[PDB]
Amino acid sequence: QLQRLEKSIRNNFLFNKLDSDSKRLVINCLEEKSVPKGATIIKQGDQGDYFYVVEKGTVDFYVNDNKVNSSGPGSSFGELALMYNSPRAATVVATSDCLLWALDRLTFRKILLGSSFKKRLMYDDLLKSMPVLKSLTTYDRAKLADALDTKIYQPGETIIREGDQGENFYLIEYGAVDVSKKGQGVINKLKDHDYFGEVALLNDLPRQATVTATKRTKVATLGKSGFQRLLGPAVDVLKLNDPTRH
């Protein structure tokens, strides 16, 4: 029917949110696929063909044959392979028999990456290129991206001040910054693909130094709650690099 569809959409965060042009342009395209309990829907490593939204049924998610996740009706999956052109990041096994609505790679790139996952698209180069972020899987980079805001600082602007409360952690997209400490002047300098602002957040301390743009500098910024959950791999390197130690 066309009522099951208009309900699919009204209840999906990605879709209820598109303009009726994208919205029309997506109910037209959804193909439905039934699947028996015990069928693999997508295999880890495979090329990404489709995006799925679960009408009825339940799935289990396996990363290297561990099992990591679980979803029911309303939930969607298969979006990372298509937005990024990477292999499948997880195997998705059917846990009870299911009816899935499928968007082909082409329409996904047409409507949904354009608009639902805009952020993931924009930060993808930063996140793939930052050294401290190398251990992150595409699923991780995606969750991290959703949480980032962008700020541009100009020459001579203060980004953070020694002694302040910290709230954000910072990833330099391009630019140049000086780190300074009263009594000591400039003690370090950062640039594209450096990060700063973890010491306050890792240790619950005030900011331990002032950071000042010396060129036009674009950062992505991540709040404390996100720093606590979205950097899982990278977090051990941040504690290991932490200048509050020798």
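The numbering used is simple: start at 1 and walk along the sequence shown.
A.B. asks: On average, are the C-alpha B-factors higher in 74-82 or in 145-153?
C.D. replies: That would be 74-82.
A.B. asks: Using only C-alpha atoms and the B-factors in the entry, which stretch averages higher, 184-192 or 47-55?
C.D. replies: Comparing 184-192 with 47-55, the higher average CA B-factor belongs to 47-55.
A.B. asks: Out of 207, 215, 33, 218, whose C-alpha atom has the biggest B factor in the entry?
C.D. replies: Reading the PDB entry, the winner on C-alpha B-factor is 33.
A.B. asks: Which of these, 160, 113, 89, 171, has its C-alpha atom at the highest B-factor, as the entry lists it?
C.D. replies: Checking the PDB record, the top C-alpha B-factor among 160, 113, 89, 171 is at 113.
A.B. asks: State the tercile, meaning the lowest, middle or highest third, of residue 68 with respect to the CA B-factors recorded for its chain.
C.D. replies: Middle third of the chain for residue 68's C-alpha B-factor.
A.B. asks: Just say lowest, middle or highest third for the CA B-factor of residue 97 relative to the other modelled residues in its chain.
C.D. replies: Highest third.
A.B. asks: How does residue 121 rank on Cα B-factor within its chain, lowest, middle or highest third?
C.D. replies: Within its chain, residue 121 is a middle-third residue by C-alpha B-factor, going by the deposited values.
A.B. asks: Looking at the entry's B-factor column for C-alpha atoms only, identify whether residue 10 ranks in the lowest, middle or highest third of its chain.
C.D. replies: As the PDB entry reports it, the C-alpha B-factor of residue 10 lands in the middle third of its chain.
A.B. asks: When the deposited Cα B-factors of this chain's modelled residues are ordered and cut into thirds, is residue 103 in the lowest, the middle or the highest one?
C.D. replies: Its C-alpha B-factor belongs to the highest third of this chain's values.
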